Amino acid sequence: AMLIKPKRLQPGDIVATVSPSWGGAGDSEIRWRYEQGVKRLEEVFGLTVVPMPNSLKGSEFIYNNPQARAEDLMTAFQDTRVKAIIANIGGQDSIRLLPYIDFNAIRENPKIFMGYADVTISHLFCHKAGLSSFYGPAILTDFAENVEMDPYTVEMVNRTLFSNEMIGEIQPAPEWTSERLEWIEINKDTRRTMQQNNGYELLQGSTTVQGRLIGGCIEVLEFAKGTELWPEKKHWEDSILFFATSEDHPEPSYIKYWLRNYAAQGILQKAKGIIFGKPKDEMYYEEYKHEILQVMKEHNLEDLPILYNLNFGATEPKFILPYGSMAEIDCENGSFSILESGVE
């Protein structure tokens, strides 16, 4: 293990909320939604919540001030009362924070950091500092789910962040959604419609393999390629790669192009296995499979275990992937497991 594992949460602990990507949480029309997410952190999980100073200043300010976003992250990491940091939401431009990050401030202050999609970039800040962080739910999208949180997401927060017991097998969720229901307050009493989930699909592979988790949102990872933010070679050795596609539904050819580059980098050849998240709206569900299998065939990797349709990524509900934690793909059983705790 190359990464520091942070301490577990308990009720009473303080969690900081931050806006490293899109600044919407503070927009007048969305603030109710932020407050609803916070309410679940407080009431369901028993946590105390503090927003970082610039995090609710709204989307115009946040967009224009990447340094202030970075300052919010540094403030949260440097405050010893803060036991976890959760992103409000993704976006697309948190790569702009790079000039303003003090990696040693993260290194000297290990704690839980969680979010997904563009927050992939903020995960790479933690990763560079040697801290295991959590590809997982965010305030506006998951904790603020209308009417009630999904019990699957709640279970997985408990198992990953509140317990130092081995996480173990990740069962698929019974149902999923990515229905568009605008974040208008008079919609708050409306449940989003759920779809039956049918569980994991094995695209290829015939072995049980284990390796340490690395990855994120595949579109956003492109943003960091060739930069000083990209994880050094040792982190890719004997990995389990995890990829999710985001809400803009990247055309299938891009999934091919991006995987071809992972091959050209030597990353696919170093992987023990790959897991893919359910695409948003299941758009391109079958088409992505075709591209994935083609790139593997092109590079003599037809036996690399690849599991598909997991509940992480752009749909709800979600489980949580701790970076660098040992994980397992069991092809014969079509199962995915995390073979250690997420927290200490």
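In case it trips you up, residue 1 is the first one in the sequence shown, and so on.
325-333 and 20-28 differ in mean CA B-factor, and the higher of the two is recorded for 325-333. Per the PDB record, of the two stretches 190-198 and 257-265, 190-198 carries the greater mean B-factor over its C-alpha atoms. Of the candidates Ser246, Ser132, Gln92, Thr160, the deposited coordinates give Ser246 the top C-alpha B factor.
The top Cα temperature factor in the record, among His235, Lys111, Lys128, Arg96, falls on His235. Annotation for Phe61: C-alpha temperature factor in the highest third relative to the rest of the modelled chain, per the entry. Placement of the Cα temperature factor of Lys225 within the chain: lowest third of the modelled residues, per the deposited record.
In the deposited entry, the Cα temperature factor of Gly277 sits in the bottom third of values across the chain's modelled residues. Among the modelled residues of its chain, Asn300 has a C-alpha B-factor that falls in the highest third, as given in the PDB entry. Looking at the C-alpha B-factors along this chain, the one for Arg180 belongs to the highest third.
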